[PDB]
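2 protein chains.
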Amino acid sequence: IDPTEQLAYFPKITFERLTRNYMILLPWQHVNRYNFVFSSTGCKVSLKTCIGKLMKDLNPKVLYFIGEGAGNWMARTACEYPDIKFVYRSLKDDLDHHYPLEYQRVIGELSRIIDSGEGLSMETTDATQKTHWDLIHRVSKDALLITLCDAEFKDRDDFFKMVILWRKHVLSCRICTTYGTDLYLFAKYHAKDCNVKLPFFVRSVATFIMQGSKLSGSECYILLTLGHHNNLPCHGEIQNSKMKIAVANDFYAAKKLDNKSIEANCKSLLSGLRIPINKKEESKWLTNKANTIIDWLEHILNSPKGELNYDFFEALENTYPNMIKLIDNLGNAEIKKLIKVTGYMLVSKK
Amino acid sequence: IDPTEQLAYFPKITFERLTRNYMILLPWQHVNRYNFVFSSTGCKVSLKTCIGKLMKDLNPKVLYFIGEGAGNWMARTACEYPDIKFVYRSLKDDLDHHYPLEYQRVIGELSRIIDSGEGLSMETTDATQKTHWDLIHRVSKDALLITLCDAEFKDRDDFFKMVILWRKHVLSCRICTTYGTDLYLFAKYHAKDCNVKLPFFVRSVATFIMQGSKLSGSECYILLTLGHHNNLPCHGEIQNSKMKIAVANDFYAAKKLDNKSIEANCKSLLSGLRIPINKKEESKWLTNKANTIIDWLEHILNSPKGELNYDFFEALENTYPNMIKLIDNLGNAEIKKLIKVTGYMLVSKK
Ligand SMILES: Nc1ncnc2c1ncn2[C@@H]1O[C@H](CSCC[C@H](N)C(=O)O)[C@@H](O)[C@H]1O
Ligand SMILES: Nc1ncnc2c1ncn2[C@@H]1O[C@H](CSCC[C@H](N)C(=O)O)[C@@H](O)[C@H]1O
Ligand SMILES: [Zn+2]
Ligand SMILES: [Zn+2]
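Residue numbers (the working numbering), protein chains in the order written: chain A, 1 to 350; chain B, 351 to 700.
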């Protein structure tokens, strides 16, 4: 139940601040996330590593987490800083997690989350709605020193709607205004448009590019404060930083592995067993989906041990026939689950 | 959506009214129930076959169904009599179905169920509680001409608690009393104690022994009316009637087979495909449970075609090694699902 002891199940995070390409089809950023089931985002972004000096400078007693889904990012934060309380908000709908199901799993209980948002309307859970930020202090009367946002907006221009609303709150809140300009919002951002100017009095301190970010996108985490408005990054800038990481850096695997989680993800993709190789250095009964799953994992089993980097991952994709049959027959949720189980196999090899 | 056309998915019911034994381990009474998923009871008992002449004599416009789980018995009744409305009650708890999920499936909608019991307490859903029978006319102001009970009471002596309560209602109900003694309760009964006398003024018209009843039990359906109280059956009497059926009679299979249901039950026991035999007259990747499932179904595939009766079923059990490994490794819900899929395979053979 000790928070600092649970961090051993979390992997070492590599990031970068602000002609060789890989061409892969699988979400390989999920290799070192085998120890997690409902949410996975806690493995790509970490507060102690990315904005650790900022957490020292302004010691927040309460952290405000918006658009947090299953709460894995919040969960790692609970392990990294075992004396910090949390305020949780995530969009209330059928399609996504609106309860910290992963936090509850790795931490044990919701005691440290003083306000989980239990008993709130669809409107008061949406970061793009004024009433959400109005009811943010409904329990915690602590200022929004550091506000974390990981919301995956359907129309990406909703990012701005919540940025303006964050600004509007910190500049019109009895609690927050007593801290001045030294208030930060660490939000996930996709570069839909190049060199876009931030709303009035919103400044980008730093742009963070994650190793655990999907290689094909333009996803980055930007530290926002109150100050003279500047331009946001662009697809190009992020893409070269993302690519530079993939070549040089290798994916770090969690020091300790949670067997209960490994087995959870296994049962989750398909109800069938994983095998250790006997090397010591018909399948007609399964459905088309169940076969493609086992056949990929068989290829991983038969494949030798290699460094956990996009060089070796590209090789595993190029050494497998029916790669396109695979990506078509398995949904985005299944392929992500697949890589968690694949990464475990690759870590447990030799 | 036509009720009479949906009866083709229901199997022909064989029953009996009131030294050779089989020794089987699997619930074979589930062979002809491949077309059903949430509930299965509709295949062992039918009103048009068992008490068809009684439904003619007193034409009920509304039928009262208590302890009905997923509502498959009610569903077959809807097909057998396409102009009858229903009142539904089943115990409200987490462990069992308290909504007619199977009726909704085979019929399409809950339009014919005038009172599904939606918005009732745990107490008003329990047949052993006075308030249940008090709120029975909360919608339907039609007398309890024929009341059907299939409740699977934890302590079997709760059967009497509801029988006395049924009596107490029909003899103290403004609506019901206007019909006199000619009121019937068709209830499931287990012979816990031999020759037990029914409560005062409750008479057993007939005792019904089903082919689709579990061979090892003492389950029977007894038609109860208001009259001089008589004795209930006993384990012995039922057992010889149950055995007499198993020897002579063969299980009738549904004329038409619902592919959507067959596939539902398949996915339900394990997420893997069923194969047609190519005769034209490693498995290390699966878990211990998934293997025992496939290995049994492989034995059924390799086995020749035979009559759907306990003679052939005993033979299939005696021709299979690890029969005890099977019954231990698979729960009562899984083995029941297994036989539904087994029966489909046996029906689809040659
Ligand atoms: N407009 C909006 N306002 C608030 N939350 C939103 C939103 N649009 C999407 N979301 C939330 O954003 C989430 C993206 S996933 C968040 C994962 C999280 N960082 C973790 O590690 O657990 C979704 O689950 C959804 O509930
Ligand atoms: N005391 C009680 N009062 C009412 N219902 C009860 C009960 N004890 C058990 N039950 C119900 O009895 C059901 C037995 S299964 C009923 C299946 C039904 N004939 C069909 O074909 O769909 C359980 O689902 C449970 O909800
Ligand atoms: Zn505030
Ligand atoms: Zn009445």
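Even for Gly, the Cβ is constructed at its ideal location relative to N, Cα and C.
Inter-residue Cα distance where the pair is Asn-72 of chain A and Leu-110 of chain A: 13 angstroms
Sufficient close CB pairs (3 or more, under 8 angstroms) joining the stretch 13–29 of chain A to the stretch 306–322 of chain A: With a cut-off of 8 angstroms, the stretch 306–322 of chain A and the stretch 13–29 of chain A count as touching, because enough Cβ pairs lie within range.
Heavy atom of ligand 3 within 6 angstroms of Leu-308 of chain A beta-carbon: no
Rounded C-alpha distance that separates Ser-271 of chain A from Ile-164 of chain A: Computed Cα separation, rounded: 46 angstroms.
Any non-hydrogen atom of ligand 1 within 6 angstroms of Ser-39 of chain A CB: yes
Complete alpha helix (DSSP H) runs within the stretch 109–160 of chain A (minimum length 4 residues, chain order): Runs of the alpha helix (DSSP H) inside the stretch 109–160 of chain A: 130–134.
Residue burial classification, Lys-629 of chain B (beta-carbon count within 10 angstroms, cutoff 16): The residue is exposed, with fewer than 16 neighbouring Cβ atoms inside 10 Å.
Those residues which DSSP pairs with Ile-595 of chain B across a bridge: According to DSSP, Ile-595 of chain B bridges with nothing at all.
8 angstroms CB neighbourhood of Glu-317 of chain A in its chain, flanking five on each side removed: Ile-24, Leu-25, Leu-26 and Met-323
Cross-chain neighbours of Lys-634 of chain B in chain A, by beta carbon under 9 angstroms: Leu-273 and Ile-275
Distance cut-off 6 angstroms: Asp-150 of chain A Cβ against heavy atoms of ligand 1: yes
Minimum Cβ-Cβ distance from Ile-644 of chain B to chain A less than 7 angstroms: Yes, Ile-644 of chain B counts as interfacial toward chain A.
Integer Cβ distance of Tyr-571 of chain B from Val-437 of chain B, believed to fall under 8 angstroms: Not quite, the Cβ-Cβ distance comes to about 19 angstroms (not below 8 angstroms), so this is no contact.
Ligand 4 heavy atom lying under 6 angstroms from the CB of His-380 of chain B: no
Sufficient close CB pairs (3 or more, under 8 angstroms) joining the stretch 177–190 of chain A to the stretch 138–147 of chain A: yes
Partner residues on chain A for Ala-614 of chain B, Cβ-Cβ distance less than 7 angstroms: Chain order gives no chain A residues near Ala-614 of chain B, where near means a beta carbon separation below 7 angstroms; the closest approach is about 14 angstroms.
Any non-hydrogen atom of ligand 1 closer than 6 angstroms to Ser-121 of chain A Cβ: no
Listed by chain order, chain A residues near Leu-408 of chain B by CB distance under 8 angstroms: Simply none; closest approach about 46 angstroms.
Run of the beta strand (DSSP E) containing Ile-324 of chain A, from where it starts to where it stops: Run containing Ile-324 of chain A: none in the beta strand (DSSP E); it sits in the alpha helix (DSSP H), 323–329.
Residue-chain proximity (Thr-692 of chain B, chain A), Cβ-Cβ < 7 angstroms: no
Check: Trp-166 of chain A C-beta below 6 angstroms from any heavy atom of ligand 1: no
Range of the contiguous alpha helix (DSSP H) that encloses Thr-4 of chain A: 3–6
Proximity test, Cβ basis, 7 angstroms: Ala-640 of chain B and chain A: Yes, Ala-640 of chain B counts as interfacial toward chain A.
Per-residue burial, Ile-113 of chain A [other beta carbons within 10 Å of its own, 16 or more giving buried]: buried
Spatial distance of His-585 of chain B from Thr-557 of chain B (CA atoms): 12 angstroms
Residue nearest to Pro-671 of chain B in terms of C-alpha spacing, selected from B:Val-697, B:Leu-680, B:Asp-507 and B:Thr-642: B:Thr-642
Any chain A beta carbon closer than 7 angstroms to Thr-637 of chain B: yes
Beta-carbon neighbours of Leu-620 of chain B, restricted to chain A and to distances below 7 angstroms: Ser-271
Spatial distance of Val-546 of chain B from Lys-639 of chain B (CA atoms): 43 angstroms
Distance between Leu-451 of chain B and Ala-420 of chain B (C-alpha atoms, nearest Å): 5 angstroms
Cβ-Cβ distance between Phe-251 of chain A and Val-31 of chain A below 7 angstroms: yes
Endpoints, beta strand (DSSP E) assigned at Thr-225 of chain A: 219–226
Below 7 angstroms from a heavy atom of ligand 6 - residues by beta-carbon: The model depicted lacks ligand 6 and carries ligand 1, ligand 2, ligand 3 and ligand 4 instead.
Option nearest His-519 of chain B by Cα separation, candidates B:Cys-544, B:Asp-508, B:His-487 and B:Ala-541: B:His-487
Check: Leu-357 of chain B C-beta below 6 angstroms from any heavy atom of ligand 2: Outside the cutoff, so no.
Among B:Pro-410, B:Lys-699 and B:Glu-355, the one whose alpha carbon lies nearest that of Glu-631 of chain B: Of the candidates B:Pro-410, B:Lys-699 and B:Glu-355, the one whose C-alpha sits nearest the C-alpha of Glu-631 of chain B is B:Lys-699.
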